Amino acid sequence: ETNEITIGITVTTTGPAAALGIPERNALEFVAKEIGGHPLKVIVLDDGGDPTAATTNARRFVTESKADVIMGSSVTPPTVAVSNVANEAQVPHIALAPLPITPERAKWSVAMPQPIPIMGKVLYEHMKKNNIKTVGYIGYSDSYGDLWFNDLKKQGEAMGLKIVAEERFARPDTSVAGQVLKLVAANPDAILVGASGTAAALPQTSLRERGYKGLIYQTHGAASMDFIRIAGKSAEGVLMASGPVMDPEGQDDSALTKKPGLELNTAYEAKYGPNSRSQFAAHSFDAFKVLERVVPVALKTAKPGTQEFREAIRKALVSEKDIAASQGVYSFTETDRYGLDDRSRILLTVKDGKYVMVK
């Protein structure tokens, strides 16, 4: 057993997904340094978004650092890898990307990002309030893109959407020209883009450049000012699912998410400048808010640096209810590994080069 509580974090600070991981790493400056008087020993590694590196990193944490908790990664593929390692090694894992948490992954993994169906629902609800009958999809040719397309199909169709076109692209692709020509030809009333970070801006710019006039909808993987920096004028009028951390100012004081959002954004934006808030910084910040709640519970009955403590953290994640954080109010169960509800999302648009919450 140790005095310190050991937390390993693998995030993507190089490569195309660096725009997600950099804020996640930077937010660590503003989290707890100590819980219950026990210093937190936080070990941070880059995985480059590569599942192999993330597997290596997670394993370094669980065996070499004897971590009590592991966190990461920034995008879905390395996040699945971390979950594989955490469930084998029996170490609690807080995911920072929204992976499919299957029965094989559920025991030791929970997720900070909003689950795809919560975010889909708020987008499709807007679609059906704004005369959208036909919808096209463009998203990744991998698990994240699949989760979004499957949700559009299942949930979206049931709400009165007809899917008239489906196109995919790979994360590293620098053009989506062919896919966009087909989408523009199909001319759906709206298009849903299933992507994240820099790649989310690519269909935004390509669609507007290549003549698309309909509404464009973006996932919560796009929610940072970076999207507007890259897409520019093509971002105008976009509808975007976001966590509430993007606008704590617009929340009522009664919102449990308001205080922790104001705390993170004030700290982050003091160092990195106005409107540098992000969806992503909030996930690592919120993971520590969760630790603030569950670690004192585990400390009652178990010593840090032991399996008993790992197990106590696992049990506490589902005994401790209504954990307030900047992105939502979490109540995990044995079967619900996201634990979120409507308090975890707002809808954004872009007007005059800035985000505005849609009332």
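Each residue number is its position in the shown sequence, starting from 1.
- Higher mean CA temperature factor between 199 to 207 and 266 to 274: 199 to 207, per the PDB entry.
- Stretches 332 to 340 and 347 to 355 differ in mean C-alpha B factor, with the higher average recorded for 347 to 355.
- Comparing the C-alpha B-factors of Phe288, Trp108, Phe280, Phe169 in the entry, the top value falls on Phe169.
- Considering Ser73, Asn84, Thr174, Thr257 together, the PDB entry gives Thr174 the largest C-alpha B factor.
- Per-chain ranking of the deposited C-alpha B factor places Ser65 in the highest third.
- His93: CA B factor lies in the lowest third for its chain, per the PDB record.
- Ranked against the other modelled residues of its chain, the C-alpha B-factor of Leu181 as given in the entry falls in the highest third.
- In the deposited entry, the Cα temperature factor of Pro78 sits in the bottom third of values across the chain's modelled residues.
- In this PDB entry, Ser284 carries a Cα temperature factor that places it within the lowest third of its chain's modelled residues.
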